[PDB]
$ cat start-v6.cif   # mmCIF, N, CA and C atoms
data_coords
#
loop_
_atom_site.label_atom_id
_atom_site.label_comp_id
_atom_site.auth_asym_id
_atom_site.auth_seq_id
_atom_site.Cartn_x
_atom_site.Cartn_y
_atom_site.Cartn_z
N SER A 2 0.84 -1.23 0.00
CA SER A 2 0.00 0.00 0.00
C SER A 2 0.88 1.29 0.00
N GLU A 3 1.75 1.38 -1.04
CA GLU A 3 2.60 2.51 -1.32
C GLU A 3 2.00 3.47 -2.43
N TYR A 4 2.77 4.48 -2.84
CA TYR A 4 2.55 5.31 -3.97
C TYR A 4 3.70 5.06 -4.92
N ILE A 5 3.45 5.04 -6.21
CA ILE A 5 4.59 4.94 -7.13
C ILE A 5 4.69 6.23 -7.88
N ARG A 6 5.88 6.58 -8.33
CA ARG A 6 6.00 7.80 -9.17
C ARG A 6 5.82 7.54 -10.62
N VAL A 7 4.95 8.34 -11.27
CA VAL A 7 4.60 8.12 -12.58
C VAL A 7 4.70 9.40 -13.29
N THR A 8 5.12 9.35 -14.54
CA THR A 8 5.30 10.53 -15.40
C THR A 8 5.04 10.19 -16.84
N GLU A 9 4.70 11.14 -17.63
CA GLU A 9 4.68 10.88 -19.07
C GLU A 9 5.98 11.26 -19.83
N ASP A 10 6.91 11.89 -19.17
CA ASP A 10 8.16 12.21 -19.76
C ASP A 10 9.16 12.26 -18.65
N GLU A 11 10.22 11.53 -18.83
CA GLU A 11 11.32 11.48 -17.91
C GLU A 11 11.87 12.76 -17.41
N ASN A 12 11.79 13.83 -18.14
CA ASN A 12 12.22 15.13 -17.56
C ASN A 12 11.25 15.74 -16.62
N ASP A 13 9.96 15.47 -16.84
CA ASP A 13 8.88 16.12 -16.06
C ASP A 13 8.83 15.54 -14.69
N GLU A 14 8.41 16.34 -13.71
CA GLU A 14 8.33 15.90 -12.35
C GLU A 14 7.15 14.92 -12.25
N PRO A 15 7.32 13.83 -11.59
CA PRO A 15 6.27 12.84 -11.67
C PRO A 15 5.16 13.17 -10.63
N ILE A 16 4.15 12.37 -10.65
CA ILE A 16 3.09 12.41 -9.67
C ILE A 16 3.04 11.08 -9.02
N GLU A 17 2.65 11.02 -7.81
CA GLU A 17 2.55 9.80 -7.10
C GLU A 17 1.10 9.27 -7.26
N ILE A 18 0.97 7.97 -7.51
CA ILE A 18 -0.32 7.36 -7.60
C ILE A 18 -0.41 6.15 -6.66
N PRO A 19 -1.56 5.94 -6.08
CA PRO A 19 -1.65 4.96 -5.03
C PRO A 19 -1.65 3.56 -5.59
N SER A 20 -1.01 2.68 -4.89
CA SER A 20 -1.14 1.25 -5.16
C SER A 20 -2.36 0.64 -4.44
N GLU A 21 -2.60 -0.62 -4.73
CA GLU A 21 -3.61 -1.45 -4.05
C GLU A 21 -2.96 -1.97 -2.75
N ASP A 22 -3.78 -2.51 -1.87
CA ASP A 22 -3.25 -3.03 -0.63
C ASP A 22 -2.35 -4.19 -0.81
N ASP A 23 -2.41 -4.82 -1.96
CA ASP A 23 -1.51 -5.89 -2.22
C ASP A 23 -0.27 -5.43 -2.93
N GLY A 24 0.01 -4.14 -3.07
CA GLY A 24 1.27 -3.80 -3.76
C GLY A 24 1.19 -3.75 -5.27
N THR A 25 0.10 -4.25 -5.85
CA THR A 25 -0.16 -3.96 -7.27
C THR A 25 -0.65 -2.48 -7.55
N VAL A 26 -0.66 -2.08 -8.82
CA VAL A 26 -1.20 -0.83 -9.21
C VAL A 26 -2.20 -1.09 -10.33
N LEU A 27 -3.42 -0.56 -10.19
CA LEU A 27 -4.40 -0.67 -11.22
C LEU A 27 -4.06 0.27 -12.35
N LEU A 28 -4.19 -0.24 -13.58
CA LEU A 28 -4.09 0.61 -14.76
C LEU A 28 -5.05 1.71 -14.72
N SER A 29 -6.26 1.46 -14.22
CA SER A 29 -7.23 2.55 -14.02
C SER A 29 -6.80 3.66 -13.12
N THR A 30 -5.97 3.32 -12.11
CA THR A 30 -5.44 4.35 -11.30
C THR A 30 -4.48 5.30 -12.09
N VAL A 31 -3.81 4.72 -13.09
CA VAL A 31 -2.95 5.50 -13.92
C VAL A 31 -3.73 6.28 -14.89
N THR A 32 -4.70 5.65 -15.56
CA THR A 32 -5.43 6.34 -16.57
C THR A 32 -6.30 7.41 -16.02
N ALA A 33 -6.54 7.45 -14.71
CA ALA A 33 -7.31 8.58 -14.14
C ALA A 33 -6.45 9.79 -14.05
N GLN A 34 -5.14 9.62 -13.98
CA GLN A 34 -4.25 10.79 -14.08
C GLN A 34 -3.65 10.94 -15.51
N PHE A 35 -3.67 9.84 -16.28
CA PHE A 35 -3.07 9.84 -17.61
C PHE A 35 -3.95 9.17 -18.63
N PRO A 36 -5.02 9.84 -19.02
CA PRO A 36 -5.99 9.16 -19.84
C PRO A 36 -5.33 8.75 -21.18
N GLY A 37 -5.70 7.56 -21.62
CA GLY A 37 -5.05 6.88 -22.72
C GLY A 37 -3.95 5.88 -22.41
N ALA A 38 -3.44 5.90 -21.21
CA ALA A 38 -2.22 5.24 -20.92
C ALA A 38 -2.55 3.78 -20.98
N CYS A 39 -1.61 2.96 -21.53
CA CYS A 39 -1.84 1.51 -21.71
C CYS A 39 -0.89 0.70 -20.94
N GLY A 40 0.11 1.33 -20.33
CA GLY A 40 1.11 0.59 -19.57
C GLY A 40 2.18 1.50 -18.97
N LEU A 41 3.19 0.85 -18.41
CA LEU A 41 4.37 1.56 -17.90
C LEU A 41 5.69 0.90 -18.29
N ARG A 42 6.73 1.74 -18.32
CA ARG A 42 8.07 1.27 -18.40
C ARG A 42 8.94 2.17 -17.44
N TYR A 43 10.17 1.80 -17.20
CA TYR A 43 11.07 2.55 -16.34
C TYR A 43 12.51 2.31 -16.76
N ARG A 44 13.38 3.31 -16.46
CA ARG A 44 14.76 3.23 -16.82
C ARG A 44 15.48 2.34 -15.86
N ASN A 45 15.94 1.14 -16.29
CA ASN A 45 16.67 0.24 -15.40
C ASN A 45 17.99 0.95 -14.97
N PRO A 46 18.26 1.10 -13.63
CA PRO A 46 19.44 1.94 -13.30
C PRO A 46 20.72 1.29 -13.48
N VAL A 47 20.69 -0.01 -13.62
CA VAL A 47 21.95 -0.77 -13.85
C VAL A 47 22.42 -0.77 -15.34
N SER A 48 21.50 -0.70 -16.27
CA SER A 48 21.76 -0.79 -17.69
C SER A 48 21.50 0.52 -18.38
N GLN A 49 20.69 1.38 -17.74
CA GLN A 49 20.12 2.54 -18.33
C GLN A 49 19.28 2.25 -19.60
N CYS A 50 18.77 1.05 -19.77
CA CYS A 50 17.77 0.80 -20.80
C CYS A 50 16.47 0.85 -20.14
N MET A 51 15.43 1.10 -20.98
CA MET A 51 14.06 0.98 -20.52
C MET A 51 13.68 -0.46 -20.27
N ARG A 52 12.78 -0.66 -19.31
CA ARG A 52 12.33 -1.93 -18.92
C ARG A 52 10.83 -1.90 -18.79
N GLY A 53 10.12 -2.91 -19.34
CA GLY A 53 8.66 -2.91 -19.24
C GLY A 53 8.15 -3.43 -17.91
N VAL A 54 7.02 -2.90 -17.51
CA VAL A 54 6.25 -3.39 -16.36
C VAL A 54 5.17 -4.37 -16.83
N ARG A 55 4.98 -5.35 -16.03
CA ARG A 55 3.99 -6.38 -16.36
C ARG A 55 2.64 -5.82 -16.10
N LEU A 56 1.72 -6.05 -17.03
CA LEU A 56 0.32 -5.70 -16.99
C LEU A 56 -0.42 -6.96 -17.39
N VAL A 57 -1.36 -7.46 -16.55
CA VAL A 57 -2.23 -8.56 -16.83
C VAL A 57 -3.57 -8.21 -16.27
N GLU A 58 -4.57 -8.08 -17.15
CA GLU A 58 -5.98 -7.88 -16.79
C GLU A 58 -6.17 -6.55 -16.13
N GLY A 59 -5.62 -5.49 -16.70
CA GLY A 59 -5.77 -4.20 -16.06
C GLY A 59 -4.96 -3.99 -14.76
N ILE A 60 -4.23 -4.97 -14.27
CA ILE A 60 -3.39 -4.87 -13.12
C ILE A 60 -1.85 -4.80 -13.42
N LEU A 61 -1.21 -3.71 -13.03
CA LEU A 61 0.34 -3.56 -13.04
C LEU A 61 1.01 -4.18 -11.88
N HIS A 62 2.07 -4.88 -12.13
CA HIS A 62 2.82 -5.60 -11.13
C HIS A 62 4.21 -5.09 -11.04
N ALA A 63 4.65 -5.04 -9.79
CA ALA A 63 5.91 -4.43 -9.49
C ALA A 63 7.05 -5.29 -10.02
N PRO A 64 8.19 -4.69 -10.31
CA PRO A 64 9.44 -5.38 -10.59
C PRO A 64 9.67 -6.25 -9.40
N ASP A 65 10.51 -7.28 -9.53
CA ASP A 65 10.75 -8.23 -8.43
C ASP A 65 11.21 -7.59 -7.11
N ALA A 66 12.12 -6.61 -7.23
CA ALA A 66 12.63 -5.81 -6.10
C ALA A 66 11.49 -5.00 -5.36
N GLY A 67 10.43 -4.59 -6.07
CA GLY A 67 9.39 -3.72 -5.62
C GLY A 67 9.36 -2.52 -6.57
N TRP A 68 8.42 -1.61 -6.35
CA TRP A 68 8.41 -0.43 -7.20
C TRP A 68 9.53 0.53 -6.87
N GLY A 69 9.92 0.55 -5.61
CA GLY A 69 10.81 1.60 -5.00
C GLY A 69 10.47 3.06 -5.27
N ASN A 70 11.49 3.88 -5.47
CA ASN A 70 11.38 5.30 -5.76
C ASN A 70 11.72 5.58 -7.19
N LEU A 71 11.73 4.61 -8.05
CA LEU A 71 11.98 4.86 -9.46
C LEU A 71 10.81 5.58 -10.10
N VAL A 72 11.11 6.24 -11.17
CA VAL A 72 10.15 6.92 -11.97
C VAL A 72 9.65 6.03 -13.18
N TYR A 73 8.34 5.76 -13.16
CA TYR A 73 7.61 4.91 -14.13
C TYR A 73 7.01 5.86 -15.18
N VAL A 74 7.29 5.58 -16.44
CA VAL A 74 6.93 6.43 -17.54
C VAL A 74 5.79 5.78 -18.18
N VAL A 75 4.77 6.58 -18.49
CA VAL A 75 3.52 5.93 -19.00
C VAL A 75 3.65 5.57 -20.48
N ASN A 76 3.07 4.43 -20.87
CA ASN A 76 3.04 4.12 -22.27
C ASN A 76 1.70 4.58 -22.81
N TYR A 77 1.69 5.12 -24.04
CA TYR A 77 0.51 5.32 -24.84
C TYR A 77 0.55 4.47 -26.18
N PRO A 78 -0.63 4.10 -26.70
CA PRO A 78 -0.61 3.26 -27.94
C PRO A 78 -0.25 4.09 -29.21
N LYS A 79 0.07 3.41 -30.34
CA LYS A 79 -0.01 3.88 -31.81
C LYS A 79 0.68 5.18 -32.17
#
$ encode --input "start-v6.cif" --output "structure tokens"
Amino acid sequence: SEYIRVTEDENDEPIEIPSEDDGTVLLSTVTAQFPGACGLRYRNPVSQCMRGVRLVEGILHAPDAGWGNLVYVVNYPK
């Protein structure tokens, strides 16, 4: 039951969005601040490549380590 930081552009200051009590994040929780959003990715700090977040059935799941304080960048389609 944390907040994760989410942004639509890595330079922009992110906003915190609430997780579920189980540590997941609903896609709907994201799309209420980022309408259109279809997913998330984040900059892996060890490789500096982008890394996708798992989404199954409208539910986002944390990286194995947890969400931490990383900045999650929203994906949009097309």
$ atom_distance --input "start-v6.cif" --atom1 "atom CA of residue A:2" --atom2 "atom CA of residue A:16"
16.0 Å
$ select_by_dssp --input "start-v6.cif" --residues "chain A" --states "helix (DSSP H, G or I)" --output "mmCIF file with N, CA and C atoms, in the coordinates of the input"
data_model
loop_
_atom_site.group_PDB
_atom_site.id
_atom_site.type_symbol
_atom_site.label_atom_id
_atom_site.label_comp_id
_atom_site.auth_asym_id
_atom_site.auth_seq_id
_atom_site.Cartn_x
_atom_site.Cartn_y
_atom_site.Cartn_z
ATOM 1 N N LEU A 28 -4.190 -0.240 -13.580
ATOM 2 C CA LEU A 28 -4.090 0.610 -14.760
ATOM 3 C C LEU A 28 -5.050 1.710 -14.720
ATOM 4 N N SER A 29 -6.260 1.460 -14.220
ATOM 5 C CA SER A 29 -7.230 2.550 -14.020
ATOM 6 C C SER A 29 -6.800 3.660 -13.120
ATOM 7 N N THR A 30 -5.970 3.320 -12.110
ATOM 8 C CA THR A 30 -5.440 4.350 -11.300
ATOM 9 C C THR A 30 -4.480 5.300 -12.090
ATOM 10 N N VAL A 31 -3.810 4.720 -13.090
ATOM 11 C CA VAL A 31 -2.950 5.500 -13.920
ATOM 12 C C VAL A 31 -3.730 6.280 -14.890
ATOM 13 N N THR A 32 -4.700 5.650 -15.560
ATOM 14 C CA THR A 32 -5.430 6.340 -16.570
ATOM 15 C C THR A 32 -6.300 7.410 -16.020
#
$ resolve_selection --input "start-v6.cif" --expression "the PyMOL selection byres (((chain A and resi 52 and name CA) around 12) and name CA)" --output "number ranges by chain"
A: 40-51, 53-55, 63-64, 71-76
$ residues_near_point --input "start-v6.cif" --point "(7.1, 11.6, -8.4)" --cutoff "8 Å" --atoms "all atoms listed in the file" --output "list in words"
residues 5, 6, 7, 8, 13, 14, 15, 16, 17, 18, 70, 71, 72 and 73 of chain A
$ atom_distance --input "start-v6.cif" --atom1 "atom CA of residue A:28" --atom2 "atom CA of residue A:56"
8.0 Å
$ atom_distance --input "start-v6.cif" --atom1 "atom N of residue A:11" --atom2 "atom CA of residue A:35"
13.5 Å
$ select_by_dssp --input "start-v6.cif" --residues "chain A" --states "strand (DSSP E)" --output "ChimeraX atom specification"
/A:4-8,16-19,26-27,40-44,51-53,55-57,60-62,72-76
$ resolve_selection --input "start-v6.cif" --expression "the PyMOL selection byres ((chain A and resi 59) around 6)" --output "mmCIF file with N, CA and C atoms, keeping the file's coordinate frame"
data_model
loop_
_atom_site.group_PDB
_atom_site.id
_atom_site.type_symbol
_atom_site.label_atom_id
_atom_site.label_comp_id
_atom_site.auth_asym_id
_atom_site.auth_seq_id
_atom_site.Cartn_x
_atom_site.Cartn_y
_atom_site.Cartn_z
ATOM 1 N N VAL A 26 -0.660 -2.080 -8.820
ATOM 2 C CA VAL A 26 -1.200 -0.830 -9.210
ATOM 3 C C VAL A 26 -2.200 -1.090 -10.330
ATOM 4 N N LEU A 27 -3.420 -0.560 -10.190
ATOM 5 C CA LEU A 27 -4.400 -0.670 -11.220
ATOM 6 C C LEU A 27 -4.060 0.270 -12.350
ATOM 7 N N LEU A 28 -4.190 -0.240 -13.580
ATOM 8 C CA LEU A 28 -4.090 0.610 -14.760
ATOM 9 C C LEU A 28 -5.050 1.710 -14.720
ATOM 10 N N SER A 29 -6.260 1.460 -14.220
ATOM 11 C CA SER A 29 -7.230 2.550 -14.020
ATOM 12 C C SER A 29 -6.800 3.660 -13.120
ATOM 13 N N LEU A 56 1.720 -6.050 -17.030
ATOM 14 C CA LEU A 56 0.320 -5.700 -16.990
ATOM 15 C C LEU A 56 -0.420 -6.960 -17.390
ATOM 16 N N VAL A 57 -1.360 -7.460 -16.550
ATOM 17 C CA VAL A 57 -2.230 -8.560 -16.830
ATOM 18 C C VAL A 57 -3.570 -8.210 -16.270
ATOM 19 N N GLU A 58 -4.570 -8.080 -17.150
ATOM 20 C CA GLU A 58 -5.980 -7.880 -16.790
ATOM 21 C C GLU A 58 -6.170 -6.550 -16.130
ATOM 22 N N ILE A 60 -4.230 -4.970 -14.270
ATOM 23 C CA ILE A 60 -3.390 -4.870 -13.120
ATOM 24 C C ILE A 60 -1.850 -4.800 -13.420
ATOM 25 N N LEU A 61 -1.210 -3.710 -13.030
ATOM 26 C CA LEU A 61 0.340 -3.560 -13.040
ATOM 27 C C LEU A 61 1.010 -4.180 -11.880
#
$ axis_aligned_box --input "start-v6.cif" --around "stretch 33-48 of chain A" --padding-each-side "5 Å" --output "AutoDock Vina command-line options"
--center_x 7.6 --center_y 5.1 --center_z -18.0 --size_x 39.7 --size_y 21.7 --size_z 19.4
$ residues_near_point --input "start-v6.cif" --point "(-0.3, -1.9, 0.1)" --cutoff "5 Å" --atoms "all atoms listed in the file" --output "PDB file with N, CA and C atoms, in the coordinates of the input"
ATOM      1  N   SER A   2       0.840  -1.230   0.000  1.00  0.00           N
ATOM      2  CA  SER A   2       0.000   0.000   0.000  1.00  0.00           C
ATOM      3  C   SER A   2       0.880   1.290   0.000  1.00  0.00           C
ATOM      4  N   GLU A   3       1.750   1.380  -1.040  1.00  0.00           N
ATOM      5  CA  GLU A   3       2.600   2.510  -1.320  1.00  0.00           C
ATOM      6  C   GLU A   3       2.000   3.470  -2.430  1.00  0.00           C
ATOM      7  N   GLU A  21      -2.600  -0.620  -4.730  1.00  0.00           N
ATOM      8  CA  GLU A  21      -3.610  -1.450  -4.050  1.00  0.00           C
ATOM      9  C   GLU A  21      -2.960  -1.970  -2.750  1.00  0.00           C
ATOM     10  N   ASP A  22      -3.780  -2.510  -1.870  1.00  0.00           N
ATOM     11  CA  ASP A  22      -3.250  -3.030  -0.630  1.00  0.00           C
ATOM     12  C   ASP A  22      -2.350  -4.190  -0.810  1.00  0.00           C
ATOM     13  N   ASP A  23      -2.410  -4.820  -1.960  1.00  0.00           N
ATOM     14  CA  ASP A  23      -1.510  -5.890  -2.220  1.00  0.00           C
ATOM     15  C   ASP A  23      -0.270  -5.430  -2.930  1.00  0.00           C
ATOM     16  N   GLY A  24       0.010  -4.140  -3.070  1.00  0.00           N
ATOM     17  CA  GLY A  24       1.270  -3.800  -3.760  1.00  0.00           C
ATOM     18  C   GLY A  24       1.190  -3.750  -5.270  1.00  0.00           C
TER      19      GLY A  24
END
$ build_atoms --input "start-v6.cif" --residues "stretch 52-75 of chain A" --atoms "N, CA, C and O atoms" --output "mmCIF file, in the frame of the given file"
data_model
loop_
_atom_site.group_PDB
_atom_site.id
_atom_site.type_symbol
_atom_site.label_atom_id
_atom_site.label_comp_id
_atom_site.auth_asym_id
_atom_site.auth_seq_id
_atom_site.Cartn_x
_atom_site.Cartn_y
_atom_site.Cartn_z
ATOM 1 N N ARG A 52 12.780 -0.660 -19.310
ATOM 2 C CA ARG A 52 12.330 -1.930 -18.920
ATOM 3 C C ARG A 52 10.830 -1.900 -18.790
ATOM 4 O O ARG A 52 10.264 -1.020 -18.135
ATOM 5 N N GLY A 53 10.120 -2.910 -19.340
ATOM 6 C CA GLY A 53 8.660 -2.910 -19.240
ATOM 7 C C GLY A 53 8.150 -3.430 -17.910
ATOM 8 O O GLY A 53 8.763 -4.342 -17.272
ATOM 9 N N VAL A 54 7.020 -2.900 -17.510
ATOM 10 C CA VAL A 54 6.250 -3.390 -16.360
ATOM 11 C C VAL A 54 5.170 -4.370 -16.830
ATOM 12 O O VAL A 54 4.457 -4.155 -17.816
ATOM 13 N N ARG A 55 4.980 -5.350 -16.030
ATOM 14 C CA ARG A 55 3.990 -6.380 -16.360
ATOM 15 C C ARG A 55 2.640 -5.820 -16.100
ATOM 16 O O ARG A 55 2.465 -5.145 -15.019
ATOM 17 N N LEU A 56 1.720 -6.050 -17.030
ATOM 18 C CA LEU A 56 0.320 -5.700 -16.990
ATOM 19 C C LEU A 56 -0.420 -6.960 -17.390
ATOM 20 O O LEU A 56 -0.065 -7.477 -18.427
ATOM 21 N N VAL A 57 -1.360 -7.460 -16.550
ATOM 22 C CA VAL A 57 -2.230 -8.560 -16.830
ATOM 23 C C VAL A 57 -3.570 -8.210 -16.270
ATOM 24 O O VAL A 57 -3.653 -8.052 -15.053
ATOM 25 N N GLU A 58 -4.570 -8.080 -17.150
ATOM 26 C CA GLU A 58 -5.980 -7.880 -16.790
ATOM 27 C C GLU A 58 -6.170 -6.550 -16.130
ATOM 28 O O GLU A 58 -6.788 -6.475 -15.102
ATOM 29 N N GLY A 59 -5.620 -5.490 -16.700
ATOM 30 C CA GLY A 59 -5.770 -4.200 -16.060
ATOM 31 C C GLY A 59 -4.960 -3.990 -14.760
ATOM 32 O O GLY A 59 -5.020 -2.950 -14.242
ATOM 33 N N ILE A 60 -4.230 -4.970 -14.270
ATOM 34 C CA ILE A 60 -3.390 -4.870 -13.120
ATOM 35 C C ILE A 60 -1.850 -4.800 -13.420
ATOM 36 O O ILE A 60 -1.261 -5.742 -14.002
ATOM 37 N N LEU A 61 -1.210 -3.710 -13.030
ATOM 38 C CA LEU A 61 0.340 -3.560 -13.040
ATOM 39 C C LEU A 61 1.010 -4.180 -11.880
ATOM 40 O O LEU A 61 0.568 -4.070 -10.755
ATOM 41 N N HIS A 62 2.070 -4.880 -12.130
ATOM 42 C CA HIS A 62 2.820 -5.600 -11.130
ATOM 43 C C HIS A 62 4.210 -5.090 -11.040
ATOM 44 O O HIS A 62 4.878 -4.775 -12.034
ATOM 45 N N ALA A 63 4.650 -5.040 -9.790
ATOM 46 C CA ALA A 63 5.910 -4.430 -9.490
ATOM 47 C C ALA A 63 7.050 -5.290 -10.020
ATOM 48 O O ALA A 63 6.896 -6.522 -10.042
ATOM 49 N N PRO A 64 8.190 -4.690 -10.310
ATOM 50 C CA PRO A 64 9.440 -5.380 -10.590
ATOM 51 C C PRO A 64 9.670 -6.250 -9.400
ATOM 52 O O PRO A 64 9.046 -5.986 -8.367
ATOM 53 N N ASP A 65 10.510 -7.280 -9.530
ATOM 54 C CA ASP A 65 10.750 -8.230 -8.430
ATOM 55 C C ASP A 65 11.210 -7.590 -7.110
ATOM 56 O O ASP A 65 10.737 -8.003 -6.004
ATOM 57 N N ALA A 66 12.120 -6.610 -7.230
ATOM 58 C CA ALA A 66 12.630 -5.810 -6.100
ATOM 59 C C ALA A 66 11.490 -5.000 -5.360
ATOM 60 O O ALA A 66 11.553 -4.885 -4.192
ATOM 61 N N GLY A 67 10.430 -4.590 -6.070
ATOM 62 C CA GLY A 67 9.390 -3.720 -5.620
ATOM 63 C C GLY A 67 9.360 -2.520 -6.570
ATOM 64 O O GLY A 67 10.291 -2.302 -7.355
ATOM 65 N N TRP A 68 8.420 -1.610 -6.350
ATOM 66 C CA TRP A 68 8.410 -0.430 -7.200
ATOM 67 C C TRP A 68 9.530 0.530 -6.870
ATOM 68 O O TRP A 68 9.924 1.320 -7.701
ATOM 69 N N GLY A 69 9.920 0.550 -5.610
ATOM 70 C CA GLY A 69 10.810 1.600 -5.000
ATOM 71 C C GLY A 69 10.470 3.060 -5.270
ATOM 72 O O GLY A 69 9.326 3.410 -5.451
ATOM 73 N N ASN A 70 11.490 3.880 -5.470
ATOM 74 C CA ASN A 70 11.380 5.300 -5.760
ATOM 75 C C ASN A 70 11.720 5.580 -7.190
ATOM 76 O O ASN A 70 11.916 6.672 -7.554
ATOM 77 N N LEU A 71 11.730 4.610 -8.050
ATOM 78 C CA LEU A 71 11.980 4.860 -9.460
ATOM 79 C C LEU A 71 10.810 5.580 -10.100
ATOM 80 O O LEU A 71 9.704 5.524 -9.630
ATOM 81 N N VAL A 72 11.110 6.240 -11.170
ATOM 82 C CA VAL A 72 10.150 6.920 -11.970
ATOM 83 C C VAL A 72 9.650 6.030 -13.180
ATOM 84 O O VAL A 72 10.428 5.562 -14.015
ATOM 85 N N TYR A 73 8.340 5.760 -13.160
ATOM 86 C CA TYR A 73 7.610 4.910 -14.130
ATOM 87 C C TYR A 73 7.010 5.860 -15.180
ATOM 88 O O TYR A 73 6.557 6.922 -14.824
ATOM 89 N N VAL A 74 7.290 5.580 -16.440
ATOM 90 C CA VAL A 74 6.930 6.430 -17.540
ATOM 91 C C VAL A 74 5.790 5.780 -18.180
ATOM 92 O O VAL A 74 5.799 4.588 -18.465
ATOM 93 N N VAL A 75 4.770 6.580 -18.490
ATOM 94 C CA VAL A 75 3.520 5.930 -19.000
ATOM 95 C C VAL A 75 3.650 5.570 -20.480
ATOM 96 O O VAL A 75 4.244 6.350 -21.267
#
